[PDB]
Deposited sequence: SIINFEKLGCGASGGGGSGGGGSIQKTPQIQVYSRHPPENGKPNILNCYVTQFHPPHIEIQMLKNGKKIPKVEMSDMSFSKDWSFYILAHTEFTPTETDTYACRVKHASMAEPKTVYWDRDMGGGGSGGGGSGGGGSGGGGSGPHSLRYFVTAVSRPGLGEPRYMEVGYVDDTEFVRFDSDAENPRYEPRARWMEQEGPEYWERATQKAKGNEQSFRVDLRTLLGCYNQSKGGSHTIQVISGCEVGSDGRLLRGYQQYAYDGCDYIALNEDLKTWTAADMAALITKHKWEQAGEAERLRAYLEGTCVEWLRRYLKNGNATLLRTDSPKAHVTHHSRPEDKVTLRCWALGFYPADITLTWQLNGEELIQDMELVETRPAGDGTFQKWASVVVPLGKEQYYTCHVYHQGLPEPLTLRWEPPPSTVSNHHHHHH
């Protein structure tokens, strides 16, 4: 259950480039249906235009994940489409974002204990286009379980995991009413934050909040979260002592002084140490059978030719959950660094993740190199080599 936010009341009166990965959900095989993914990360503002193209022309029906953001405040989204790869068909993903002068096109290259209840809140103004879009997203251990989107005719809190369907009508009635009330606070804050930052009146701006609690195995609060951001940059945040605030620039000092007089830090300490802890307990019970799952990575090495007498050994890790993983290449019992390339861990689209690490080795010396895969679901790290 999310907290009821207090208005920032700041007073009276920078863009990030997306990063793109284009890859198939499964290893591509000509003639075998698959899924083409376009994974876009690290961008801000959140408005983004994504097209998937086959042989230059726009693919008609592409699906999009709902947009989320990470702890660095940047946004990410997964676009995917169904496709059957061939040897000559060319696929690409084109992303149009304000941070770039020109749309970016990235082509598909076949070689490409503690628990937590946290709420990710977004309020984006779109002056002229309508009212600000407001969203509340709840996570039980990185797993989304509830969602509120004001961009509907009759916006309501919705279960996002089947185990949340047990909550009676009274739970969803009050959660939605809190969201609509919370939406109003961010509507007012968006308006006044304009003059506090000396910004023109016609642009789009965002407020982001991360609110929640991390609870150890003993049921005690490990860490409480209450962090605000305006336009993708730190604004104010409750400190680890849960008693004082860290304001990130001059505008946030009015909010900090106002919240000290109002005793807001103590209101949140009561929410985090209490209400947040007890609700996470109720949520964990309903989702016990599904939330604690771990999927071990399955690994394999592929072999790719290079100029002159070099080859590329690419070590794949597929179908693993959670996302955290480590891939290393070794020669003579020592770990390699210099000639080794990575990709950021990326979703497959089915709940599991993928990653690979490659290394350039001399031709004929492939059996001198061993890849190592470290994952929490593996009883012992995987070791494997290129096998023709």
Unmodelled spans of the deposited chain sequence come out as 14 to 23, 123 to 142, 419 to 431
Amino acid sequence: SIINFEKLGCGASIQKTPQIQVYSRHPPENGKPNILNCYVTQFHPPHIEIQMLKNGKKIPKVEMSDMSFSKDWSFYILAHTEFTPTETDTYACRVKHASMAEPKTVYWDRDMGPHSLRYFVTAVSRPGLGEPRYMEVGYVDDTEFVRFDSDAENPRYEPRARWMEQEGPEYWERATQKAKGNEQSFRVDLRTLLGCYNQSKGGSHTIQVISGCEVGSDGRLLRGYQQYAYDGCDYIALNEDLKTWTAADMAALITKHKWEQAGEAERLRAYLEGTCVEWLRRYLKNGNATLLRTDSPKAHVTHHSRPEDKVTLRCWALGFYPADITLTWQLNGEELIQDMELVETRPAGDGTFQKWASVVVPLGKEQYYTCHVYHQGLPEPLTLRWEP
From here on, numbers count along this sequence of modelled residues.
The stretch carrying the higher mean Cα B factor in the deposited entry, 138 to 146 or 70 to 78, is 138 to 146
Looking only at C-alpha temperature factors in the entry, 287 to 295 or 172 to 180, the higher average sits in 287 to 295
One of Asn154, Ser185, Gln227, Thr206 has the largest Cα B-factor in the entry, namely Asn154
Top Cα B-factor in this entry, restricted to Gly219, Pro132, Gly274, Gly128, sits on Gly128
Quick tally, chain-level thirds of C-alpha B-factors: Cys371 sits in the lowest
Tertile call for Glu278 (CA temperature factor, within chain, third-based) is the middle
So, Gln42's CA B-factor, relative to its chain, sits in which third? The lowest
In terms of its chain's C-alpha B-factors, the third that includes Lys258 is the highest
Assert third(CA B-factor, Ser211) within chain per record equals lowest
